[PDB]
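For neighbour counting, all protein chains shown are included, and Cβ atoms are generated from backbone atoms with ideal geometry for every residue, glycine included. Just so it is clear, none of the values below were taken in a lab; they were calculated from the coordinates.
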Amino acid sequence: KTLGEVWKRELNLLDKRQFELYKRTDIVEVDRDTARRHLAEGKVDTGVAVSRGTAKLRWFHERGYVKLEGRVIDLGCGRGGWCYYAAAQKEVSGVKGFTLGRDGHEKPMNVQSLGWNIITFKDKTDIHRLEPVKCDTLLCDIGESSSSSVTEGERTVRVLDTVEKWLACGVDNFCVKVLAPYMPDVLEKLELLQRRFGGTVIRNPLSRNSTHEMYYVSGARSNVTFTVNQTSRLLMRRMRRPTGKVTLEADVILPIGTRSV
Ligand SMILES: Nc1ncnc2c1ncn2[C@@H]1O[C@H](CSCC[C@H](N)C(=O)O)[C@@H](O)[C@H]1O
């Protein structure tokens, strides 16, 4: 009965053209053309991002929503967009990325942007069964969309349930994807986590309108229900008039090489 649940219901009722236009209406998007061409030809020394994820994490990082420091752990790293971004930051000492990378799941990509040598990728790993390890910065970008709000809720609570085990070890910084922050049980879990570990949820402007995803980050503190609903109101407004109008931005280009000595 939350605004977000209403949004999900109306989203599923849109026709093909409206859905297509809607998902990109008034959003920011990084131009991935050059990056994709470089990766497709096997270039590993141009500093291009391995996925759209690098730009998403940069957005949070550049405005203080999450500090990237010391021992970084990336749960559900996929191709490694967040791992490579973190590895290039001077404040980061090491990065451990874990991902399924099997049965259709994206496997870590091998490129040599700055600090690639301080990253340890581990595939064939279900992070829900992975024993928590002590770290300073915890990252998690897991959450598979579902046309069912109940299902998105279940998936989101499972992610937060697992992440809480890791935060309990004591972490300074975190950035965790919250697939369906609009579900009531999720809102309550977020309020509980905020009281225990601080932080709040933030909507990334690079996220498409077809998902209500927001990220639980350590760098700010705000009223969770209020801000989740602000995003619900924005998503609903954009559904009334979908123009498909997108604003293109330059993708992330990282320096290259190993971090040595
Ligand atoms: N239970 C699980 N354990 C490990 N990885 C999982 C998982 N569930 C989903 N994943 C992986 O989590 C990834 C989410 S997409 C992550 C993109 C990454 N942030 C980037 O910047 O490139 C997907 O590859 C998905 O396969």
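Miscellaneous remarks
- Overall dimensions of the chain, expressed as equivalent-ellipsoid semi-axes from the Cα gyration tensor (√(5λ), whole Å, largest first), are 29, 23, 16.
- Cα-based reach from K90 at 18 Å (exclusive), listing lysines while leaving out same-chain residues under 8 positions away: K67
- Spin-label model distance (nm) - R237 vs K1, 7 Å beyond Cα toward Cβ: 2.6 nm
- Diagonalising the gyration tensor over the Cα atoms of the range 119-261 and scaling each eigenvalue by 5 before taking the square root yields semi-axes of 27, 22, 15 Å, largest first.
- DSSP-defined antiparallel bridges as percent of all bridges, the chain, nearest 5: 30 percent
- A Förster distance of 25 Å, applied to the separation of the beta-carbon atoms of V133 and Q112, puts the FRET efficiency at 0.45.
- Footprinting exposure proxy for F197, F60 (fewest neighbouring C-beta atoms within 10 Å first): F197, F60
- Over the chain, DSSP H runs of length four or greater, each weighted -39,500 (n - 2.57), average out per residue to a 222 nm ellipticity of -11000 deg cm²/dmol.
- Long-range HN-HN contacts of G97 with modeled amide H, under 5 Å: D74, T120, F121, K122
- Each part reduced to its alpha carbon centroid, the range 210-261 and the range 107-136 end up 24 Å apart.
- Dipole magnitude (debye, nearest 20) for the chain, charges at Cβ of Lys, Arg, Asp, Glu: 440 debye
- Furthest towards positive pole of dipole, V178, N204, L234, structure part the range 154-261, Cβ charges: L234
- Largest mean-square fluctuation among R58, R24, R240, in a Gaussian network model of the chain whose springs join Cα atoms under 10 Å apart, belongs to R240.
- Mean-position separation - Cα centroids, the range 82-102 and the range 182-201, in angstrom: 26 Å
- Helix runs (DSSP H) in the chain reaching 15 Å along axis by Cα, Kyte-Doolittle at least -1.0: 149-167, 184-197, 224-240
- Taking every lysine pair in the range 101-230 that is 8 or more places apart or spans two chains, those with Cα atoms closer than 15 Å amount to 5.
- Extension gain from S222 to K245, taking 0.36 nm per residue of separation minus the Cα-Cα distance: 5.3 nm
- Pair-distance distribution P(r) for the range 49-190, from all Cα-Cα distances in 10 Å bins starting at 0: 12, 43, 36, 8, 0 percent.
- Paramagnetic label zone (point 7 Å from Cα along Cα-to-C-beta, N12; backbone N under 18 Å) in the range 234-256: 236
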